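Next up is one chain by itself, shown in structure tokens, the form deposited in one PDB entry.
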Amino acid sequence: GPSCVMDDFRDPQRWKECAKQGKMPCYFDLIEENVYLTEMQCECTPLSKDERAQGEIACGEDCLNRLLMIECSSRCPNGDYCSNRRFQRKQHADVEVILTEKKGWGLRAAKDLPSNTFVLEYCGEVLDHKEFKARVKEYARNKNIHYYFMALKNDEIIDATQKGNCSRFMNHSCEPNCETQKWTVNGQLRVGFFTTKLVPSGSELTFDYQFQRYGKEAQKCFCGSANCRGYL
């Protein structure tokens, strides 16, 4: 029923009042890039102004950085035209955070989303395996209901329980329309959501959770798909 746009989360005090009434999810620390709890160029021919003006993608699907799921930096041959700097430029798709029937809050497209469209980066606190297991028990002790863990690399798990952005609201489906992709940005790995098919406006954005924390009971899955696994 209730819904809200990405920008409603910039203002903290207005947010806590909307949350106090149930028109926005509960407060968390909004951040722009991953926070660690313990701390070359491509070959694309630069585009001329004509081909720029008439609609040519700079650093298209044949870009060497894009192929290795590396993002270009400042020094790219196309400079400002580079379409391969989506994480750094926060070129996120238009999405809204909405109340679902029983999964809690969720993400839905506010515009049509073509296939293999960048949706959002999944930000949060990065933990090693020791910190991760520490919080799994802190969160079972606090009877948390929603969990916000995302596998990044060996000895790196992303935890958006406390700090993150609106990507933390994407819910599970056994028949998803999104996936995670790991991208290198300045020598460092981040993960983001990408649509795996055309998502029509209004439709809820979902991906297929593949995380193992386990023990503390299992959660039933309300995705409502034809072939639902039954649980998360």
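Basically, rigid core = biggest C-alpha set you can superpose within 1.5 Å across the two forms. The first residue of the sequence shown is number 1, and the count goes up from there.
A.B. asks: Between 170-178 and 203-211, where do the CA atoms move more in 9 other deposited structures of this protein, taking the root mean square over the structures and residues after a core fit?
C.D. replies: Higher average C-alpha offset in 9 other deposited structures of this protein goes to 203-211.
A.B. asks: Consider 93-101 and 133-141 separately and indicate which one has Cα atoms farther, on average, from the shown form in 9 other deposited structures of this protein after rigid core alignment.
C.D. replies: Greater root mean square C-alpha distance in 9 other deposited structures of this protein: 133-141.
A.B. asks: Scan the PDB entry between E39 and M40 and report the missing deposited residues as one of none, 1 to 3, 4 to 9, 10 or more.
C.D. replies: Per the deposited record, the segment joining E39 and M40 lacks coordinates for 10 or more residues.
A.B. asks: Output the stretch having the higher mean C-alpha B factor in the entry; the candidates are 181-189 and 55-63.
C.D. replies: Result of the comparison: 55-63.
A.B. asks: Highest mean C-alpha temperature factor of the two stretches 163-171 and 43-51, which is it?
C.D. replies: The recorded data point to 43-51.
A.B. asks: How does the C-alpha B factor of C123 compare with the rest of the chain: lowest, middle or highest third?
C.D. replies: Its C-alpha B-factor, which the entry lists for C123, ranks in the lowest third among residues of this chain.
A.B. asks: Among the modelled residues of its chain, does the C-alpha B-factor of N34 lie in the lowest, middle or highest third?
C.D. replies: Lowest third - that is where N34 ends up once the chain's C-alpha B-factors are sorted.
A.B. asks: Should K130 be placed in the lowest, middle or highest third of its chain by the C-alpha B factor in the entry?
C.D. replies: It falls in the middle third of the chain.
A.B. asks: Relative to the other modelled residues of the same chain, rank the CA B-factor of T117 and answer lowest, middle or highest third.
C.D. replies: Middle third - that is where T117 ends up once the chain's C-alpha B-factors are sorted.
A.B. asks: Split into thirds by Cα B-factor across the chain's modelled residues, where does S201 land: lowest, middle or highest?
C.D. replies: Tercile = highest for this residue's CA B-factor.
Just so it is clear, the following notes concern the form deposited with a partner chain bound, a form of the same protein that is not shown.
A.B. asks: May I ask whether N144, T180 and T196 each come within 4.5 Å of its partner chain in the deposited bound form, counting any non-hydrogen atom?
C.D. replies: Yes: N144, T180 and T196 each sit within 4.5 Å of its partner chain in the deposited bound form.
A.B. asks: Considering non-hydrogen atoms and a 4.5 Å limit, does its partner chain approach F132 in the deposited bound form?
C.D. replies: Result yes; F132 sits at the interface with its partner chain in the deposited bound form.
A.B. asks: Flag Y81 as yes or no: does it have a non-hydrogen atom within 4.5 angstroms of any non-hydrogen atom of its partner chain in the deposited bound form?
C.D. replies: Residue-level check for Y81: no, no contact with its partner chain.
A.B. asks: In the deposited bound form, does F149 have a heavy atom within 4.5 Å of its partner chain?
C.D. replies: Residue-level check for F149: yes, a contact with its partner chain.
A.B. asks: I'd like to know whether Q212 contacts its partner chain in the deposited bound form, with contact meaning heavy atoms within 4.5 angstroms.
C.D. replies: Close contact exists here: in the deposited bound form, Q212 approaches its partner chain to within 4.5 Å, heavy atoms only.
A.B. asks: Specify the contacting stretch among 149-157, 89-97, 103-111, 123-131, defined as having any heavy atom within 4.5 Å of its partner chain in the deposited bound form.
C.D. replies: Contact criterion met by 149-157 only.
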